[PDB]
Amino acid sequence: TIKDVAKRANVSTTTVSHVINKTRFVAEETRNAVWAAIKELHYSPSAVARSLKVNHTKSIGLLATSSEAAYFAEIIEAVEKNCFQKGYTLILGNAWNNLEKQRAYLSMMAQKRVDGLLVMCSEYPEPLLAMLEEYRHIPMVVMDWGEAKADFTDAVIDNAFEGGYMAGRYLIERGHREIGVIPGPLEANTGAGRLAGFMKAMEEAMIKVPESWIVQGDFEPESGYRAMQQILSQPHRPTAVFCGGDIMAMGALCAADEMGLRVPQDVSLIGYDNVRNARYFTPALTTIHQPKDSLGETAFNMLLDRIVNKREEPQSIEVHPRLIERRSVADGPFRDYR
């Protein structure tokens, strides 16, 4: 079809190609004609032909876990924005934590020859780490590790641990000593790490978390629902709860309300993530905010680097969580005694 353009214009396809890509000077007259042709002929330059030669698709692959989750969903929108402003095309892939599925998308991806890979799989078993390595040749960054599990990738790190600690400290400083916790999956960083950061501050204040007071969630609202329930559904109950993720907290809030408990009046609750509409939870959610937009742009940027400035060395950037006081926490029994 470039041939068809070249001819309506009576110039070489070499010419057409030069004007289309402004890769060398061309007589105005010449240029104009080409355009004209380009027009009537209604021409769409084929990227597949072009990638074939130039050796890059100008497309990036996001191997995510799920895209419905508020959390994820906001990161993704971030990455896309960046791709679109620097000309990259985004191929989105949800593997749902299924190895098979993962082996599958990873491969469809190498085959489509994406220029780089954005990895966000939540959990990383050796079997997965292993697969990841087989594509070390394709540039990539894992946006969700705690530390740097590997040497064949870039990593953006969230300091989930320090978020966990911040959360606990707030509770402590508000007068709370009987606290509970619904962590997210321990196999995940945002799960295990947030919890641990939380457990430290407790030890620091000699608070002890009765196991009957910690209930695993899975970042889904229903998990929050059940957890809270189970917590308050007991003889002795905490006065404050740390919830591993906003959406689960949303669930925690519903159950309380359903048991006729008042928040923060009966139970104080603090979450984590600061999802776009946590401010509109009822009551307005007090949480630890995770820089999602920056977590995304930061990742996109390391990749581009590696892509463009052909980097070889693994890199890692830290990002920082911060506390957001809203209205779901109230002073606890010891506020006055400090």
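Residue positions are given as counts along the sequence shown, with the first one as 1.
Annotation for 15 to 23 versus 313 to 321: the higher mean temperature factor (C-alpha) is found in 313 to 321. For the segment pair 123 to 131 and 249 to 257, the entry gives 123 to 131 the higher mean B-factor, averaged over Cα atoms. Which of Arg103, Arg169, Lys112, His176 has the largest Cα B-factor in the deposited entry comes down to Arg103.
Of the candidates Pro221, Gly244, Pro235, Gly197, it is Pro235 whose Cα B-factor is highest according to the PDB record. The PDB entry assigns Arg279 a C-alpha temperature factor belonging to the lowest third of its chain's modelled residues. Remark: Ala9 belongs to the highest third of its chain, ranked by C-alpha B-factor as recorded. Among all modelled residues in this chain, the alpha-carbon of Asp266 has a temperature factor (C-alpha) in the middle third. Annotation for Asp158: CA B-factor lies in the middle third of the chain's modelled residues.
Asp273: CA B factor lies in the lowest third for its chain, per the PDB record.
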